[PDB]
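Below are two forms of the same protein chain, given as structure tokens: structure 1, then structure 2.
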Structure 1
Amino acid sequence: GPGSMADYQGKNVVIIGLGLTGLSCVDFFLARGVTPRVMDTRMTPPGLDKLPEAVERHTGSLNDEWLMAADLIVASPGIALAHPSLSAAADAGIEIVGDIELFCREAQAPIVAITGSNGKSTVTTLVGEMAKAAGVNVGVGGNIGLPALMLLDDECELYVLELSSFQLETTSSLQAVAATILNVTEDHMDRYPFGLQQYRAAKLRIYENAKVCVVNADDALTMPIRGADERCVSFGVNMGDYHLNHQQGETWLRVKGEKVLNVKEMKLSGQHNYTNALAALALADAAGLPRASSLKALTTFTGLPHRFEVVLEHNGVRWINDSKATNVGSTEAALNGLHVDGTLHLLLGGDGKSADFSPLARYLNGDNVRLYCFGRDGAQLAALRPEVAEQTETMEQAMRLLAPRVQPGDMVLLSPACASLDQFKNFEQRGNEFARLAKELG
């Protein structure tokens, strides 16, 4: 076999997808003296604009004869291996990989690999900042806006990748120095018709040939398929190798029975972000990054926008933008362990996508919760507890109802449990508008 010298010259290479990921695949092959073919089911993918002239392209459908003539099919993670054209190619013995597989074959530095339903971007970015604080030339990517292949460089000393279940499904050569599944929550049902354990099985690939597995002590679906083993290091809220310690208003990160940092030294807030910080510290430790610089990064990291982000703290009221919470599991992570001295003013709503909101109910009793429900499916959210709920069409209308009612001690939390597209371009615009209105009203 080729060994570490995968060579694609002379091969008929077919890329599916003209988003940024597929374009990064085009660039990869061109750099190696291979002109691939590309296809996309969209009639006019934006990425068409960026193709060289010599790359043959087919848009508006998949081209079956191109697939069946291929020596190698590179499938963007947005097309299911179950698509009948790809299943037909597989049944013919044609090799199907994805961008992360091509990346793993060529990477010449250790890889930290991060997947999970919620928290991937925060943990990935934070491990990256831990590496930067150590002076390491780290390459951070894998999100849709920074495809892994663009990171490849002999100057890179460490890679930190956010990986989706879809990318993992086509990846066989990953040998992570440290890997985590942060959590597994019901999500992506369309792509996993056999349910939660099928979705999990895709994520479990991340641990294959990983040197260290960083597992979530609070989520058994993050354990390796045959259970915990000698590679496993855990993070959790109450216990685990990395966990949280709370005493009389103070909270500390704790590692192997030793407090390591008072969270007042951090810029992140929220239980879920603290467990993200624990996961990141575990991954950094396992990768060999110096503990002292990793702690320093925990004190400087601002966090990403829209991830339990404090956008205003004024007159004793914390206004928190958790617009990244586009599903029930994410909002559950925001509400679990939430500390509010006064009243929680919780903003829910948008396009709920026919989700079951039942899991949120257990968090909404008690005398100190008010709901402000908006968007397409606002009525379904108010139904969780009508007596403490208001319903408006828009987020602005909801915020104008709650603003005259807040008192010192209160929290205003936008963790909507829904997609934003009924009223916003995306969840970032929703969070930015929440931030603007909090500054106007708070």
Structure 2
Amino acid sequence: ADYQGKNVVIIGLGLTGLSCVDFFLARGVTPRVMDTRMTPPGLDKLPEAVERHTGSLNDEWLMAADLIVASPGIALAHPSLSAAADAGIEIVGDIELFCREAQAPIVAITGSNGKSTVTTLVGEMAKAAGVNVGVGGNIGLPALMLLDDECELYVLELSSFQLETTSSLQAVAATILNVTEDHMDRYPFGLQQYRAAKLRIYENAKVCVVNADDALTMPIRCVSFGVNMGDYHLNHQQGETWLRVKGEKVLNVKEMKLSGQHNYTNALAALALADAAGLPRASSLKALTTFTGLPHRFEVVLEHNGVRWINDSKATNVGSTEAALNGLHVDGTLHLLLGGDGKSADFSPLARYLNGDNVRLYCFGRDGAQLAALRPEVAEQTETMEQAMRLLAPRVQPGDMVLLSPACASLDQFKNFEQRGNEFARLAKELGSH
């Protein structure tokens, strides 16, 4: 693409907005930036020469633009954007800009849960093969910060939002790992509208990798992964699990540092993508044995005095919390922290995990009351996570687990789920020893 001479408007500041500003400036185009937030992140990192408008969208700038580059954080359905679209003004996002420039194959990964783990794993598989790989997107670096002529493979985590504004992705291998209710505040046509955004990832993909156990991952000729069925699947052997490809054992999961069924299916999905991307199977298996997991993903931050304190702050939806609780072994009592901005999700699916004598709920943030209602008799509600932690800590006994898996976004009270996880870990360390 050639942007020279164009009037470009970027919506949204932050690292990704900034990567877009830098992209255009390095191409001799000075964009203008707007953000509906009165005081957006990275405003101070914006070069003085770049005009900016904050606290609202500026329709004068939008309607004057030749190209609008929309952050995944602004809805396409916003009246100002739909006005511009009606006028025939082109709207893209950062991922679209990246796809138009990239000079190496792209592995593209989306899904309601598992996408950062799978993205990171495939990156590690590439590194193990000695491939120069750029890994990022919706995690790590914004994708435009990865662009480099020496890169031989890109591995991108993509959100449903990023996919809505992308039209030129031709992935070497693409997956939707699963589709469970999330972001309903952004999808007023519900689950199928959210799914449709993710289904975009398969358009013009050379290989599609689908989840044999989740029909919503299938296009409306794909490689599949699954538990009991699929091209890539698991083979259980007397309290032993193997990864298999078409009947052939490829890895006994005792060699993995990750544990749990959903991590085994993440490993299958990663291997399927890596195979389709032409990475040697041997090095890809090696990467599976060395990968330790991501911060905030069911992460043990303290195991002391008979209590495990687990930071699963990356559980920002119900399906993710369900994955933490399903099959969970606890010797004593589970003290479960739930809370934040539930994005209008139905929390009901969690209730089946919350029966019996050995569960307590501590519920906080915007939707704390709705969360406590899952089982009022074992629930406490506080305003903040810190209040909840200080409430539960006196009650913790040897054998117990304290689990932050909040089923909600952190954004009502925190900068992001990492800040929430970091605060939890600090408080766990304070409260979890003498």
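Please note that residue numbering is based on structure 1, beginning with 1 at the start of its sequence. For the two forms, the rigid core is made up of the largest set of C-alpha atoms that agree within 1.5 Å on superposition.
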Identical rigid-part label for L204 and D91 between structure 1 and structure 2: yes
message: If the larger rigid part is held fixed, by how many degrees has the smaller part turned between structure 1 and structure 2?
response: 23
- prompt: What's the distance in angstrom the Cα of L244 travels between structure 1 and structure 2, core superposed?
  reply: 0.7
statement: Expressed in angstrom, the C-alpha movement of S330 between structure 1 and structure 2 on a rigid core superposition is 1.2
message: Please report, in Å, how much the Cα atom of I144 moves between structure 1 and structure 2 when the rigid core is superposed.
response: 4.7
